[PDB]
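Two forms of a single protein chain come next, each set out by itself as structure tokens; they are called structure 1 and structure 2.
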Structure 1
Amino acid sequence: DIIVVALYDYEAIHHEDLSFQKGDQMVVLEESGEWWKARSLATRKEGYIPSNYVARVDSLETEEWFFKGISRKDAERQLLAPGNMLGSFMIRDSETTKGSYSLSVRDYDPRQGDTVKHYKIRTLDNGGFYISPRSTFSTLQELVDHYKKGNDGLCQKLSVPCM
């Protein structure tokens, strides 16, 4: 399956072209070139749509700690941004390796103040995850929940997801 979310509103005109509201979700069925035929997750009704008005989900984005398609340095601007604290954290698509993730954590050094630290979460040929080859997890929540009980190598034991 392919789950999309509408980026903008779509006022259709034709019998079999599905309108929608920004944010609306939709199962993508067929694909007629650049028009995706979908089945709206509200209406329940089917019609063709502009692929470029929507965007796949992956979620994962059901998680308050996943920030999708975010650059390394934007990720820093995020946590360092007011509203956050120390330990504040986040996980994201590793632009340096698609399908693979990194964890950015808000740290601190007295010689400079509020810091951000990045950790390369590697995956196993077996499908789980780990940051240090001392703690392997079958899932990311599982991971997140580890380092939120204590740092275990990481700069700070995790607190709450980036704001």
Structure 2
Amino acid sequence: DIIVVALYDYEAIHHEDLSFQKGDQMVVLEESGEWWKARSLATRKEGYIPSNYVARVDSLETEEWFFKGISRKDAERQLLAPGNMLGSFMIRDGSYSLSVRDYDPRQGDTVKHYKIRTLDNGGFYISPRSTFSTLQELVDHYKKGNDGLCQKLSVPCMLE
């Protein structure tokens, strides 16, 4: 049984669709096309759902850029290991931090740390100049250009 969880609320209008609230778990029944047939675990109600509104429960926190529960000190050490490049990075932890490998011709290799804050509405930001609805969008943004960070993000920190 493939279990997914809702990331957003969805209100069904079509009588064959399935309504759900963020956090609801569902079993995927049919997975053809981008509209999946699913059943709610709580209620047993079935219907079609937008596939981009859910994530596999076993996929949670497996993002390549995410480094679960590790300290600031450990993040620096790992990022500073040879094999990592300019702009190598980590997101680490509701409260998140971005750690980025930097270079300066005088100081050499360093790691900069940025607090990722959240607004009351839940949006993520490092700077008041841009806000993101998800951490993934934040990562994708700073991979496009430094936009105020020490470096443009390149690739996730190498695992050891």
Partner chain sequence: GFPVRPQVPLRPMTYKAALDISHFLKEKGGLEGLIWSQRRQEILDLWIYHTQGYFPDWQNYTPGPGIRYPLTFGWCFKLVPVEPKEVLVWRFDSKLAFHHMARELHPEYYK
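For clarity, a rigid core is taken as the largest C-alpha set superposing within 1.5 Å between two forms. Counting starts at 1 with the first residue of structure 1 and goes up one by one along its sequence.
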Between structures 1 and 2, the form solved without its partner chain corresponds to structure 1
When the rigid core is used for the superposition, does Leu158 move between structures 1 and 2 (threshold: C-alpha shift of 2 Å or more)?
no
Core-superposed comparison between structures 1 and 2, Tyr130 Cα displacement 2 Å or beyond:
no
Which angle, in whole degrees, describes how far the smaller rigid part rotates between structures 1 and 2?
170
Angstrom shift of the Cα atom of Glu61 between structures 1 and 2 (superposition on rigid core)
2.1
Taking the rigid core as fixed, quantify in angstrom how much the C-alpha of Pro82 shifts between structures 1 and 2.
1.8
